[PDB]
Every structure is written in structure tokens, then in C-alpha cells.
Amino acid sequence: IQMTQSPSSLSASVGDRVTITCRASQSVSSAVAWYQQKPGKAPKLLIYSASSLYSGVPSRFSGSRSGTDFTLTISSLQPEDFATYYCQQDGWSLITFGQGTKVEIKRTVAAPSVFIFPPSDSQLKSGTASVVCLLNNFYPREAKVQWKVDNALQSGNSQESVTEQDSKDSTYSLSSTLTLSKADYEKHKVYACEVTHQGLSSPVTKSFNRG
């Protein structure tokens, strides 16, 4: 009663042939189906009974079974195909889903544009200080943000958030928020955000004075 789905993520381009596999616990082909899901939307049925194409699904989608291995193939990837895909096993007693495969768009490296925002006077009056560092429109997703407060390296007091791939330029953006109390924030002077990314020959630091 288990579905192991691979790969968990795949970067590809329009026109590519993509293969996603799920190793099931049983070999009953009637019990396996494949779904596609886009952010904020319900999953959509693609393949049922391992290899039957659901009505309205383009013929570039196909499914197969080899032993307990079930495979979804997309023969010519289209812009509407970039999404997450899930396999399903409707078993004797339990319905199990695979962990999912996120198919994203490959593109050239793009360095982030880094900007830093001090906390507003409005927030300081409420007793807290959030320092935001923005990494805008970069690729690939991997990036390291390091916070420095008077050159003292911060740890454990920041959180990051990353957007989905932009539907126009296929880039990512990332916000890193450093959170301190008003008292702690006003104890120091220099707040720096140091960004490491593949598109940068050297790590770029954006900083400001005050607090």
C-alpha cells in the first residue's frame, strides 16, 4: 500500500519528452491513475486504469505499466503542461497518492536584483522591526541569503519565501525577512543582506545605516 514517485522535480523545455514513474505495491493496472495539478486549483484526471486517456486530455499524454512500475509519458511538452503530477493507486483498502513531480521550465541563468528595505517607523512604534531583503527575477531557484548586523552574522532570526516560476520570464523571486525587537534593532547601526547566486561572479551585499 505504497506509491514511490520519481523524479520529485524536473526542469524541461517546450517540446521535450518527459517520463514520470511510480513504483506501486500491486500490479493491478485498473487501480492506477495520473493527475495534473496547478497552484490553487483542483487536480485534473489525465490517465485512468494505467493506460486509458481521459476524455479531453491531449494524445501527447500516455500511461503504461511494467510489473509494478507505472509510467506517465508526455511526448511533446507544452506551456500548459508545466505543473505538478500525481499518481494514484486505488487499492483493496486504501487510496494512496505518489509524492508528486513538479515539472518546471528550464531557462538560462539570471542574476537576482537585490534590494533592502528598513523597517518602517509605523512598525517600530508597534514594538517590532522587520528588515526585508528582496531578490528579484533570478534563475535558478537556489540562492543563499546571509544577514549581517554590524558585521555580526545572524542565525535563526530570519525566514525566506519564494514565488512560483513567473509565467512570463520563468524567473523566481525571494524575500528574506530579518525579525528583531525594536530594542534590539535600535541597538545596532549597519544592517546588511549578502546574496550568493550562480549568476553572480561574487556575492552581492545590500546594506543600510540606522536603527
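All residue numbers are counted from 1 along the displayed sequence.
Stretches 37-45 and 145-153 differ in mean C-alpha B factor, with the higher average recorded for 145-153. Two stretches are in play, 20-28 and 183-191, and the higher mean C-alpha B-factor belongs to 183-191.
Residue-level temperature factors show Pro118 in the middle third of its chain, judged at the C-alpha atom.
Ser66 sits in the middle third of its chain by CA B factor, as recorded in the PDB entry. Among all modelled residues in this chain, the alpha-carbon of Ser51 has a temperature factor (C-alpha) in the lowest third. For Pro112, the recorded CA B-factor ranks within the middle third of the chain. Only modelled residues enter the ranking. Annotation for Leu10: C-alpha temperature factor in the middle third relative to the rest of the modelled chain, per the entry.
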